Amino acid sequence: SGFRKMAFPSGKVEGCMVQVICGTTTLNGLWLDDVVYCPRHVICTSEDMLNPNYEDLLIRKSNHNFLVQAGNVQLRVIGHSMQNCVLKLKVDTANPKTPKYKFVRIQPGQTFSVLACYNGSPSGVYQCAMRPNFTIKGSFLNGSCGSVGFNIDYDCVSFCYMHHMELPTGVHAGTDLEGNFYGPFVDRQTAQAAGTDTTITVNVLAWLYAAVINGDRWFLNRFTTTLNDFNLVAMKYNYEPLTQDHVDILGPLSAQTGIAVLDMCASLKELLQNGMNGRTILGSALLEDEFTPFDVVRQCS
Amino acid sequence: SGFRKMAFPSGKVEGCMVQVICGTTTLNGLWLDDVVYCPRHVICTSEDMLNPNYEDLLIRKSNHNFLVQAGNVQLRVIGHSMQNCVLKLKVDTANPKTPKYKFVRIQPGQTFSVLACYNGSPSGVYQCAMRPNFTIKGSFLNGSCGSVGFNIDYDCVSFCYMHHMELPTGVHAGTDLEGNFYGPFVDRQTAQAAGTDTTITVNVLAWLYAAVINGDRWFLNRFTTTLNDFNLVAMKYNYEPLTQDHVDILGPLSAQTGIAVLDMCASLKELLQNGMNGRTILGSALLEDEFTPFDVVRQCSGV
Ligand SMILES: Cn1cc(-c2cc(-c3cc(Cl)c(F)c(OCc4ccccc4Cl)c3)c(=O)n(-c3cccnc3)c2)c(=O)[nH]c1=O
């Protein structure tokens with residue numbers, strides 16, 4: 001048993017991380033086939049960052065302005081192009097360690113693993129989730145731009161995130177591997193603030209089901225609730241509204257434990273009202289919201 | 001900024017995980033050079049596990065009782081021997097993906113990454129600590145026996161743990177890569193429980209320093225305690241004693257924040273008595289103790 005926040009084995013992503021240098025800038029790149037993906041703000045000076053004209057800055061760049069290093073091997077850039085906020089460096093060598101991969105855009109509440117990298121060198125891996133305000137609560141230092149988030153299914157690596165910036169509140173914003181930002185954020189040094197963050201309700205419910213599966217039942221009660229009555233209460237605690245889609249994806253966990261989804265919603269309503277009272281659930285003194293219903297069936301059932 | 005429970009990149013270890021079958025038992029092995037390491041209890045049946053005579057059981061076994069699958073490529077076992085509780089299986093081929101490595105034994109309070117595997121295929125990675133009662137609070141399902149714990153220094157993998165069994169309270173027991181158990185446990189189906197666990201005090205203090213570094217500062221105060229006054233309070237809440245060596249390694253965090261160690265102990269003592277009751281620190285409603293001072297420095301300042 002036991003239930004921890006497991007990240008995916010990072011081996012297939014480590015083999016793709018490289019260092020991209022342009023002028024005074026050093027950040028990370030993702031080497032897949034003969035393409036290196038990195039944030040397009042690699043081409044900026046600090047003065048550009050307030051209102052960068054990325055099209056104007058890139059057209060002034062030549063291939064030899066970009067220094068790419070994979071280990072002790074320096075790759076030769078033979079071309080470049082921009083796709084949304086991601087720069088794509090064509091190189092004369094395909095990465096022999098290129099795994100089976102594909103690019104995906106995830107939705108809030110979805111989880112993935114982050115391979116934090118510095119100077120193209122992987123340093124640590126951790127699991128996190130896309131927040132409802134489209135930020136992630138990562139751990140990033142200066143130099144970590146270009147780090148990627150991912151899931152691995154069987155042997156296919158689905159890249160879903162590339163790290164671009166840290167917001168003033170210490171939270172992090174980025175793009176998918178097609179250069180499209182998650183949320184209303186831009187790669188500009190102007191004033192940007194994430195909206196109010198909320199708890200991922202469907203993930204908390206899935207986590208309570210995993211608690212019942214592992215033998216924790218102290219929080220259940222004899223109550224039920226309607227869907228609308230639950231949302232009116234939960235939204236008073238800054239929880240995300242639960243939808244019928246969410247009710248449906250919890251069915252397998254409801255059928256495995258014999259506890260109806262709206263019955264577990266009644267338990268959560270009471271937990272929000274009473275707190276933990278010194279107790280814990282799966283070793284946590286608060287309600288965890290970064291385990292998806294999919295993740296629960298994976299590590300548990 | 002930000003702080004999360006961070007594991008080492010597991011790639012150098014993923015390339016060493018193989019599957020080991022003996023009869024009906026299936027678990028994981030560590031393939032380094034031309035030797036595959038795995039728990040010795042793989043040779044036991046359910047009736048054997050009740051009171052095993054390992055030297056007799058292994059003597060009556062053959063190289064042909066060991067099926068070793070590395071991905072889809074079979075590995076011929078050309079020899080076998082026991083070192084303590086770890087079975088060593090000589091194979092015909094050295095592992096081409098063998099990293100620079102060494103076997104080390106860790107102490108309670110030290111942390112390491114665990115690559116949980118199932119049928120020789122890596123499934124997930126997570127960071128944990130060797131508890132003071134020599135257990136680890138891991139996440140293991142059926143078939144994870146043989147998963148290893150490790151740290152990485154530069155390019156060198158320091159293997160420190162191999163998973164053997166789960167205890168009745170849901171915690172886990174295992175050995176170093178030389179077969180020596182962590183804690184007072186034996187690899188036999190018998191009645192064994194873990195001792196009263198305690199909180200790793202030096203790790204909590206380092207974690208509170210990481211909180212200060214990230215802007216969570218409400219728990220600070222102007223007061224100082226003594227190492228004797230603090231340890232008298234710590235023993236009452238099942239906290240490990242704070243030694244002078246623990247204060248010394250918190251030194252870098254003390255200088256970088258301006259919070260002397262015994263000031264942070266005054267903050268910790270007040271948190272121990274007055275509780276938290278839902279108020280959080282680094283998004284946690286309890287005191288985390290699975291980050292060493294070195295973990296904090298590596299993650300918060302990249303030193
Ligand atoms: C040259 N250079 C720069 C970086 C790098 C750039 C950034 C970064 C990227 C962009 Cl597009 C920005 F608009 C930006 O201004 C943020 C800001 C400031 C003031 C008001 C509002 C806003 Cl929004 C910052 C970064 O946030 N980080 C980072 C730091 C800590 C944790 N995580 C990410 C790092 C790098 O890694 N390597 C490298 O060579």
# chains A, B, ... in the order shown; residues from 1 in each chain; ligands from 1
call {"tool": "residues_near_ligand", "arguments": {"ligand": "ligand 1", "cutoff": "7 Å", "atoms": "only C-alpha atoms and all ligand atoms", "output": "VMD selection string"}}
result
(chain A and resid 25 to 27 41 to 42 49 140 to 145 164 to 168 172 187 to 192) or (chain B and resid 1)
call {"tool": "interface_residues", "arguments": {"of": "chain A", "to": "chain B", "cutoff": "8 Å", "atoms": "only C-alpha atoms", "output": "PyMOL selection string"}}
result
chain A and resi 1-12+14+115+122-126+137-141+170-171+275-278+284-286+299-300
call {"tool": "write_last_selection", "arguments": {"atoms": "C-alpha atoms", "output": "compact mmCIF listing (two decimals), in the first residue's frame"}}
result
# COMPACT_ATOMS: atom_id res chain seq x y z
CA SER A 1 0.00 0.00 0.00
CA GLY A 2 1.08 3.55 0.75
CA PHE A 3 0.14 6.53 -1.41
CA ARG A 4 2.71 9.12 -2.50
CA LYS A 5 2.88 11.76 -5.24
CA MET A 6 4.88 9.70 -7.73
CA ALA A 7 6.44 11.34 -10.77
CA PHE A 8 7.07 9.52 -14.02
CA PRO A 9 10.50 7.95 -14.63
CA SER A 10 12.41 10.81 -16.23
CA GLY A 11 14.84 8.75 -18.32
CA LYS A 12 13.10 9.30 -21.66
CA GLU A 14 16.67 13.33 -19.80
CA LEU A 115 12.03 17.61 -15.19
CA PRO A 122 18.53 17.58 -15.52
CA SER A 123 18.61 18.19 -11.77
CA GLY A 124 15.30 16.98 -10.33
CA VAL A 125 11.88 15.56 -11.12
CA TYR A 126 8.54 16.16 -9.40
CA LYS A 137 2.94 25.48 -8.45
CA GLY A 138 6.41 24.33 -9.46
CA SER A 139 9.90 24.61 -8.02
CA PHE A 140 12.02 26.68 -10.41
CA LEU A 141 15.19 28.74 -10.10
CA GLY A 170 6.02 32.74 -7.02
CA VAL A 171 3.84 30.59 -9.29
CA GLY A 275 -11.59 20.44 9.21
CA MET A 276 -9.32 17.54 10.08
CA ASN A 277 -9.50 17.83 13.90
CA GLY A 278 -5.90 16.69 14.28
CA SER A 284 -1.84 14.52 4.80
CA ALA A 285 -3.38 17.06 7.17
CA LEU A 286 -5.18 18.80 4.28
CA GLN A 299 -1.40 3.61 -8.35
CA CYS A 300 -4.25 2.05 -6.34
call {"tool": "select_by_dssp", "arguments": {"residues": "segment 134-246 of chain B", "states": "alpha helix (DSSP H)", "output": "count of residues only"}}
result
26
call {"tool": "closest_residue", "arguments": {"among": "B:106, B:177, B:130, B:59", "to": "residue 29 of chain B", "atoms": "only C-alpha atoms"}}
result
B:177
call {"tool": "residues_around", "arguments": {"residues": "residue 263 of chain B", "least_positions_apart": "4", "cutoff": "9 Å", "atoms": "only C-alpha atoms", "output": "count of residues only"}}
result
9
call {"tool": "closest_residue", "arguments": {"among": "B:258, B:79, B:143, B:174", "to": "residue 186 of chain B", "atoms": "only C-alpha atoms"}}
result
B:174
call {"tool": "residues_around", "arguments": {"residues": "segment 173-182 of chain A", "least_positions_apart": "5", "cutoff": "7 Å", "atoms": "only C-alpha atoms", "output": "VMD selection string"}}
result
chain A and resid 83 to 86 103 105 134 to 136 159 to 166
call {"tool": "write_last_selection", "arguments": {"atoms": "C-alpha atoms", "output": "PDB file, in the first residue's frame"}}
result
ATOM      1  CA  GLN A  83       5.594  28.763 -33.732  1.00  0.00           C
ATOM      2  CA  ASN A  84       3.574  30.900 -31.291  1.00  0.00           C
ATOM      3  CA  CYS A  85       5.823  31.463 -28.223  1.00  0.00           C
ATOM      4  CA  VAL A  86       8.171  28.516 -28.915  1.00  0.00           C
ATOM      5  CA  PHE A 103       2.513  16.934 -28.061  1.00  0.00           C
ATOM      6  CA  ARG A 105      -2.436  20.377 -24.423  1.00  0.00           C
ATOM      7  CA  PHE A 134      -3.698  28.004 -15.552  1.00  0.00           C
ATOM      8  CA  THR A 135      -0.579  28.372 -13.407  1.00  0.00           C
ATOM      9  CA  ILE A 136       1.511  25.574 -11.963  1.00  0.00           C
ATOM     10  CA  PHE A 159       4.871  16.563 -23.693  1.00  0.00           C
ATOM     11  CA  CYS A 160       2.304  19.006 -22.316  1.00  0.00           C
ATOM     12  CA  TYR A 161       4.235  21.916 -20.792  1.00  0.00           C
ATOM     13  CA  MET A 162       7.314  24.076 -21.318  1.00  0.00           C
ATOM     14  CA  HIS A 163       8.386  26.482 -18.585  1.00  0.00           C
ATOM     15  CA  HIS A 164       8.622  30.156 -19.550  1.00  0.00           C
ATOM     16  CA  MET A 165       8.351  32.460 -16.540  1.00  0.00           C
ATOM     17  CA  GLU A 166       7.723  32.970 -12.835  1.00  0.00           C
TER      18      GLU A 166
END
